[PDB]
Ligand code: NI
Ligand code: NI
Ligand code: NI
């Protein structure tokens, strides 16, 4: 398990220094800052103390730390045989930072930011690319690969592109490798299913993935040990935070949530069964009954419930995940384990899914959330419609605008609104393929890539604002 | 005048009792409540004490009552010869409730909500319908009957659909018959009395109560609506500052002069007052009144002039009682070229010249056109869905499409369930695809026309995300 | 000379001066001038208080134009009689001043993007709309292709002629109108331009002496005013602008070269240093003093150059055949004019607040045209009824028509009454499109935003 390098795209103690630099580099990065202004479930404009993408990530970060520490206590002396000796901090820092940036890629407005982009390109890309690369001329395999690549947007892939090629953070390949939750390319279609279901990286980062797989020591089409821990971390804190916000927002009552938890639990298992990992041998209904009994703390009745519920129930989940990592140590180190550590049908498995099940019935169906999903759908599409004039330009006109040359006055205004990082990332990519025979295909591919970087990098209010301004209303 | 209700599968006190339930059902219904939030002429958002659809319906309700009172007073003992034995409350209540709901069907924003709907379907229904039932399959006559059906929306027809098939109020067929002001249906080519979807209900109504004729209640309600059609709006104009009391009089006299001579006495006035004598009498009461000159003008003008109009409308009903009882009279009770006809038209003409053309009013009409059409454009993704896919969403099943799913979850439960029930009737029908999309479009017209002004503006604004 | 007193509804000189003085009143009291106060020049008026508007820009150009004319007669002196500009000091002054004041009444709101938005809209959708009115075959093809480029190429100067003459009906002298022929006109004003050239004795395709003077006026105060607004807004500093002015001036000529027309023989670097020195020494209004001291030293040579160029090319100018602007000759004062333009392009017009207003104004004008496009799709019979107020079967367009200004509708009715012509159908749709361009281009900034917002119903 010594697949831990310190090499950047540009003695264990030296690695720890480099991994410490990654910690400061990530926390100070703009990718983390955007997470505070992106809503998680309930829209931030209407809710005061509600979880954001950053505060969600911080919980996952500590939960991720809780797993790694609990993990090594279990391994004890045998960790040295596998190679985990003296990797307590390094694996800690890898898991900790990976959790924090687990969501830097994904766009505003939940998954409907994702849907809006793919839907727009699904509808208008084919006609747009046809004008840029006429049918017949141009390499057909790369074309069909570029077409499906742009049509399949995924946050995890953008997160790699964001840290590597847009924010140019130049983190160690080991730290970046945590973001490879999915391993399939977006050029390859959806089917080995679970670890290749969603796009893992973009075509623009294929060369970087080649360097990452070589430098960090892995096989193509495989994951990384940190990603399993991060996936389990997000699974554990997937909704418990969101459910607490719902109770505070008034959607359900604590007493009603308890029986609601019990009734929704019946699908997975029986509540009267004992829970693994609890010293006091508490059952799920006994834990829920224990949590409700402790509430009614006289200051924070709601807060105490989720606190008492967390101490009792987060411990088995964290303990479960650690045993799963050690049980499949060989499968994980190869990168060939094809399921999430949590997902195995066990009694603690029911914990994670019961939270998922309760949220879908009562939290995400709330009109305030679905109104934001629908509204963000318009904003992303309108933005794409607003900046589509840049896509209709032929490559000579656009590159002049991207370079600052005076062309075409309306598109020039659109170009001047784009972030410099995104224009320059476009310019730098084009400098690389400026002599390629297939430049026309890569130009428009990177043009759309630039336009897709723009919209997903927005915060909620940053996106709505730009939409409103262009609307001139 | 029967007492059968549509959910009734089976004595004047028995008939009068059932009609009393119709009063409670109508007054408490949401159809009435929306009328308070639908503007009549001047937009409610910008005007406080201005008449809305509900306050208009209330005024019309009383005028309709005053006719039945005058009708029985004029006919007197002769009522037995015609057959109006013991019908004081029933005809009073029938006319009263029919007037209250005379305007519930039509969408927000005056007629431009209607125009917006017809214009939207006229423009893009055909291409939308072609995808649903490909060329070849399906009765083409039924299709051509459905196209103009969906393309010809009329408020009165939707009023039939709303109380019967949307609010499920289950009113007596007689009370609903008041809503059949005009005769033509929507498949035959003026405004439709009913839509193709309500033919089965109309079939039961025509039998229980000849096909293609108007019920006696509608003529009184038609006359009721005409009397208070515009006099109310003019008062709002004077209050809005568009007209002055002295200025309005000269307009009333001048516009009346074209139709008849102002100095001619009006039939039905005990003092044999003419239009000029009445208007000079009403204006004289103004400037004599020292607290509320505007109010005094229209009350005096109402008191002197409403009574002859009511007498005339009742007199024409009895004059053509046989033609009315048949239902074959092809004109409104008021319109005959007489002196009171000139009164009604003088109010309408003054209104068209100064009130309905007001920029505040026409902006709202223009704005309501945009709102209704945008709302139809916003929910058109549901129309593009194939018939199988929609049913999953309407049933609450988890369909692949998340964006149409969000659109369906915004729709009222009543309209979705009414759609689901419509498909249950033609479940394994041979031509169900033609009917499925027909009820799909039908549901969307229920949604937009059921909105209030602000409900529409809000939903338009919300989906726009601006 | 080229100066008559005839209005559309050798001579006593005082009669012209009275008539031209009446033209002054007609212009100042006109709505065309009033709209200029509510149309932003560079920085959006909604967000900036003491920023120049089209009216405040035009007022400076008026003074600069006056200073040119005043300086011009001093140079000519007794030789002024030889050319025929004898005793025309007041008349040519007042003529030039008003030409400056209305030099910008034509162009639409939102900078050049109001112009750009209209042409872009007509270039995209004019063809299909016109074809419905004139199917292939029928209609003069020469006139059709000529009407197309006329409608597709909107220009403020052309609209300025049309507005005062055919829309506001000011009935100004042809000489006052002749100043607006900087470039140049619509097909709708060909007959009016022909009478103007005949009345003034102009061969076709030539300029007017006032236009050369006005152009020099606009060139001189083109940008120095906008630059001062930037300093107040914080875009630039006084010290930063000075090094920028000298550095950007270096491309054209050498800064230490002396500037013609300065009694003290000052160079560009010396003038900027003189202006900067008076500032910071001035203790209350450093910004104003900089531009006052700068204007004092630098406007005087510019005006002298334009007057001197006028007499140098008097023969070409009175002919109307001079094919360059008085300012642009590669000289030292020309380098002054370009230095201001150069510095402005780098720091002023490129400002995001400005470009947002342009992008938004591009949106508003295009949306407004889309909103009123239903009027273009109507056939001529429907519209003529709508313009006359008769109750036509159409319900939505009648609301749209009732929103249009009466002057623009009445101007259309009068044009159609003029043309029954065999190609009336060809002229009807051209004048229909023209009225829509009159509507949109006549709006102020906020008037355009408001109508757009209202129709959007949001
Ligand atoms: Ni997460
Ligand atoms: Ni009515
Ligand atoms: Ni200018």
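In this analysis, Cβ positions are derived from the backbone assuming ideal geometry, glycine residues included, and neighbour counts consider all displayed protein chains. What follows draws every value from the coordinates through simple rules; no lab data is involved.
Quick look at the values:
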{"quantity": "Cβ-Cβ FRET estimate between residue A:301 and residue A:267, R0 fixed at 45 Å, reported to 0.05", "calculated": "0.95"}
{"quantity": "Projected label distance in nm at residue B:421 and residue C:346, using a 7 Å step from Cα toward the beta-carbon", "calculated": "7.6"}
{"quantity": "MRE, 222 nm, helices only [DSSP H, n ≥ 4, -39500 (n - 2.57), over the protein assembly as shown, to nearest 500]", "calculated": "-20500 deg cm²/dmol"}
{"quantity": "Estimated distance in nm for a label pair at residue A:193 and residue B:389, the labels positioned 7 Å out from Cα along Cα-to-Cβ", "calculated": "2.3"}
{"quantity": "Burial ordering of A:99, B:441, fewest other beta-carbon atoms within 10 Å first", "calculated": "B:441, A:99"}
{"quantity": "Förster radius 51 Å - calculated FRET efficiency between residue C:153 and residue A:20 (Cβ-Cβ, nearest 0.05)", "calculated": "0.20"}
{"quantity": "Sequence of C:364, A:307 once ranked by neighbouring C-beta atoms within 10 Å, starting from the fewest", "calculated": "A:307, C:364"}
{"quantity": "Shielding by other protein chains, A:108-114, mean Cβ within 10 Å", "calculated": "1"}
{"quantity": "Modelled FRET efficiency - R0 56 Å, residue A:7 with residue A:311, Cβ distances, 0.05 increments", "calculated": "0.85"}
{"quantity": "Inter-label distance, nm, simple model (7 Å from Cα along the C-beta direction), residue B:85/residue C:49", "calculated": "8.7"}
{"quantity": "Relative exposure of C:310, B:42, judged by other C-beta atoms within 10 Å (fewest first)", "calculated": "B:42, C:310"}
{"quantity": "Shielding of C:390-402 by partner chains, average beta-carbon count, 10 Å", "calculated": "3"}
{"quantity": "For segment B:215-355: relative contact order, % (alpha-carbon pairs under 8 angstrom, 6 or more apart)", "calculated": "38"}
{"quantity": "Packing-based order for A:181-189, C:227-235, C:11-19, using average beta carbon neighbours within 10 Å, highest first", "calculated": "A:181-189, C:227-235, C:11-19"}
{"quantity": "Peptide-level mean, for C:362-375, of C-beta atoms on other protein chains within 10 Å", "calculated": "2"}
